[PDB]
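Positions of Cβ are generated from backbone atoms using ideal geometry, with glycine treated the same way; all protein chains shown enter the neighbour counts. All of the numbers you see were taken from the coordinates with simple rules; none came from a lab.
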Amino acid sequence: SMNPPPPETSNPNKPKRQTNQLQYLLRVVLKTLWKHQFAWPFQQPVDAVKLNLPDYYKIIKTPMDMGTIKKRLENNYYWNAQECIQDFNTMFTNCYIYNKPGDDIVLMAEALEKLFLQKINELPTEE
Ligand SMILES: Cc1noc(C)c1-c1ccc(-c2nc3cnccn3c2NC(C)(C)C)cc1
C-alpha cells in the first residue's frame, strides 16, 4: 500500500539540450492537452493508494503522467523529441493496459490521445 517514487524530472548525469521540437512539445502539445477538461487525472502520477488500486504498480512497471512530462520539458530534462513522445505513448498505453475498454478513464484518455495525435502530426522539422 505504498506508491513508488515518481519518475525523475531532472538528473545531473543525463545530457540535455533545447530543440525547436521540444519547444513545440511544451508550448503547443503539452499546453493544449493540459487545459483539456479531461486532463486532470493525468496531471500527476497515479495515486494507487488513494484510488485503492493495490495491483496498479504490480501491472504497470513504467508509470508516466503529464505532470512528469510537463516538468521534464520545463526542467530541460530531454535530449530529443523522441524521448518525450515515448513518455506520452507510455502514459496512454499504461492507461489502456490497466483499465477496461468501457471505463470513463479510458474514454478520457482516448479524447486526449486524439488531440495529442493531431498536434504531434504537425511537429516541426528540426531546425
Ligand atoms: C490516469 C489513469 N491511469 O490508470 C488509472 C487507474 C488512472 C486514473 C483513474 C482514475 C482517476 C481518478 N481520480 C479521482 C479522484 N477523485 C475522484 C475520482 N477520481 C478518479 N476517477 C475518475 C473520475 C477519473 C473516473 C485518476 C487516475
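Data table
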| item | result |
| --- | --- |
| Computed E for residue 104/residue 75 - FRET, C-beta separation, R0 35 angstrom, nearest 0.05 | 0.65 |
| Vicinal HN-Hα couplings computed from phi for the range 51-60 (Karplus, 6.51 cos²θ - 1.76 cosθ + 1.60; Hz; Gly/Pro x) | 7, 6, 10, x, 9, 4, 8, 7, 9, 9 |
| Ordering of 19-26, 51-58, 75-82 by packing [mean C-beta count within 10 Å, highest first] | 19-26, 75-82, 51-58 |
| Formal net charge of residues neighbouring residue 20 (Cβ-Cβ distance under 9 Å; K, R +1; D, E -1) | -2 |
| Among 67-74, 10-17, the order from most to least packed when residues are scored by Cβ within 10 Å on average | 67-74, 10-17 |
| Rg to Rh, two decimals, where the range 50-127 supplies the alpha carbon set and Rh follows Kirkwood | 1.01 |
| Taking 116, 92 and counting other C-beta atoms within 10 Å, the order from fewest to most | 92, 116 |
| Potential extension, residue 9-residue 40 segment - 0.36 nm per residue separation minus Cα distance | 9.3 nm |
| At least 15 Å along the helix axis (C-alpha) and Kyte average at least -1.0, DSSP helices within the chain | 81-98, 104-120 |
